[PDB]
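This document starts with one chain, in the form solved without its partner chain, laid out as structure tokens.
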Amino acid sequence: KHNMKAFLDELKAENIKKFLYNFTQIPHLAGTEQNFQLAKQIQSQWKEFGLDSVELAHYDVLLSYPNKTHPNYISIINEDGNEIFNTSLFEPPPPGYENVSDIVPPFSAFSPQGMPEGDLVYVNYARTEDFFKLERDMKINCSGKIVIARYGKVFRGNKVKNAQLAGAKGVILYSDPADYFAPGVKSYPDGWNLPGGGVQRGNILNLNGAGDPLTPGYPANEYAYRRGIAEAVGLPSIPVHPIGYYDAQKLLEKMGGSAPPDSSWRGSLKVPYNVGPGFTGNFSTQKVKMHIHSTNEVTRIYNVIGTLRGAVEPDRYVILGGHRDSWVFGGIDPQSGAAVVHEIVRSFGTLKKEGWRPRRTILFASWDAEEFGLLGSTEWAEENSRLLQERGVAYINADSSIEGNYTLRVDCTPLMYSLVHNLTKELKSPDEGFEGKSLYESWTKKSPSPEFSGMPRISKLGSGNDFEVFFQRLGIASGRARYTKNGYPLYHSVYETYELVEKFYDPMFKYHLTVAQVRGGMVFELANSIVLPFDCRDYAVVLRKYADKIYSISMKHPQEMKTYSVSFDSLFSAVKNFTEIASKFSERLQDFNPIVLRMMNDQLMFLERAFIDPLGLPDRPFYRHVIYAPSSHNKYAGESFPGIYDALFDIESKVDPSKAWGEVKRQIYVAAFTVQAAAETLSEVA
């Protein structure tokens, strides 16, 4: 028999291990020779594995690299303009790789060049709320200052955006042991903690879903028009550089001015965590000086796209995708996901060589340039948008498979809640103490739902990974699953190696295997069920929760709601109608002829599509999903009813309340209309 069990049993922990070792011996930075080589290898192997076609899709996009003969660094300078302390020019390489070439040193991709000098201000995590505190509570003025912020809590690009709007002239990012050093575990190479010389790389763009900064809306092909750098989308306007906590300690130890407003502002360094500005009396005349010399450069990137043509519905696509490019070795991010994808392609190809084909077409993708702003997935989706929006069933992401070894973590559209619950009930738990018990059982025990008894937590999708164009721009149902902790200390550091994984995370590759079963299990059911495995009633349940929540935010302002006649009645009405119509639809779907079948599967496929507004969100044309958008304060986090949420945010500070509440009302109308219109797609068609 060729069924899901056949597929799942073919998957092997030992192959995932072999592929992970194979993908992590040399750096695979986007735009480099070694990453083009790996692309070609994967293309070759996927062909050998049995896919029908495997092609490279290339694009020429804006990337960013340090200057090899002109290193980035930070200084403390004295009053004679003398550099009395310099930050490190590279991370100490891990054992046995001290002779690897082409390790890119730590930098903030897309930083402009510059050498600003000034006085430091410590901004905690540089969240929206942290800047409100500095300015509004502590009356600290960040204008003309260099801010130093610890990584964590929110996407780094949002930190740099927040810093720019507070008027900073430079940002220094560092990893505080409070956030990146787990108590009682040893630093790398002797455990999984971040050593003091380790540094987190990462881009600091604010693209809001545009993809390549020079070609928003259109693929970066051979004949593309490009914007000039000055009109590019998302580029920061102040220099930015990341450092480790040994270097951070040196910069923070002399901080004067105000003390931290509270304990939530102090990390674990032997330092006062004084907010500044400037150093204490003795050192009052010393300044901080940045030296940033990185360059932005149009560079070719390569996605690998494999097709396994469907037997019955070849014009319906289920996509499994994840990126291949890494900052250095990528032992977790992304190769722990790419190895799982490789083993899934291998299994499917094994069923294929024995004569099986899935019902629908499965597309497999190895995306490039994820680390530089989701560039590879975005440009491909821009090129193929018409095919995807009329044919795309679902997108399953496959970045890092593990970020911990405690339990499963799933983030997906409500349409796939039932699918995941059912699949995880048929999978074995890899967990200690749950031998013989289902993955569903261990997961719900270790990660219980905040809302329901006997159910696991499933989170929203935001952004910050390759599903974002498919879900947030195009409205294709999307999901992701990984193993997680109770992100991880070595994130985007040179220490993210094969050895980290094999020694400290998953020696038996059993958690990798579990993730391959969940991702592959999902793809199989999406590509093979006769009725698509979506449950519209689950969307109805969450829409009421999100309506309750946004109403509760507005109701912090009862006087204004009275004055400006702010009613949520339309939105609750729409949610009620959606609930009724989806109940009826689900009755027909079980009570219901292939055209009825094909017509009906289309209602299911286009339901996520119906939450798309073609006009996008305000000033963010590429975020079009009215229910979910990446948080405007944290790209990684999903926000519900984002348009109304952003209209309400800090509304009490707006100068013209009538206009502000008018906009809240406008956003309620758009949300209610969109929920009703989505509901109406599930009505009888004629």
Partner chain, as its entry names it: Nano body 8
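Numbering follows the first chain given and starts at 1.
A chain break between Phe592 and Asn593 is present, corresponding to 1 to 3 residues of the deposited sequence without coordinates. Unmodelled residues of the deposited sequence between neighbouring positions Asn486 and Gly487 number 4 to 9.
With 113-121 and 500-508 compared on mean CA B-factor from the PDB entry, the stretch scoring higher is 113-121. Stretch comparison (594-602 versus 262-270) by mean CA B-factor in the PDB entry places 262-270 on top. Of the candidates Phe470, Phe452, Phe611, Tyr218, it is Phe452 whose Cα B-factor is highest according to the PDB record. Annotation for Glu525, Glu370, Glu98, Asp212: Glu98 ranks highest, by Cα B-factor. Among all modelled residues in its chain, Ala339 ranks in the lowest third by Cα B-factor. The entry lists a Cα temperature factor for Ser632 that places it in the middle third of the chain's modelled residues. Per the PDB record, residue ranking by Cα B-factor puts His625 in the lowest third of the chain. Among the modelled residues of the chain, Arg544 sits in the middle third by CA temperature factor in this PDB entry. Among the modelled residues of its chain, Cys142 has a C-alpha B-factor that falls in the highest third, as given in the PDB entry.
Another form, the form deposited with its partner chain bound, is not on view; read the next lines as being about it.
In terms of contact with its partner chain in the entry with it bound, the residue from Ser268, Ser258, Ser88, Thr299 that brings a heavy atom within 4.5 Å is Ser88. The listed set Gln286, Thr128, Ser438, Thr350 contains one residue whose heavy atoms approach its partner chain in the entry with it bound to within 4.5 Å, identified as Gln286. Interface membership of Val185, defined by any non-hydrogen atom within 4.5 Å of its partner chain in the entry with it bound, is ruled out. In the entry with it bound, at least one heavy atom of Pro92 sits within 4.5 Å of its partner chain. Taking the partner from elsewhere, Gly118 is found to have every heavy atom lying beyond 4.5 Å of its partner chain in the entry with it bound. Though the partner is left out of this view, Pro105 does not reach within 4.5 Å of its partner chain in the entry with it bound, counting heavy atoms only. The stretch from 191-199, 520-528, 161-169, 430-438 that comes within 4.5 Å of its partner chain in the entry with it bound, counting heavy atoms only, is 191-199. With contact defined as any non-hydrogen atom lying within 4.5 angstroms of its partner chain in the entry with it bound, the stretch 312-344 contains no contacting residue.
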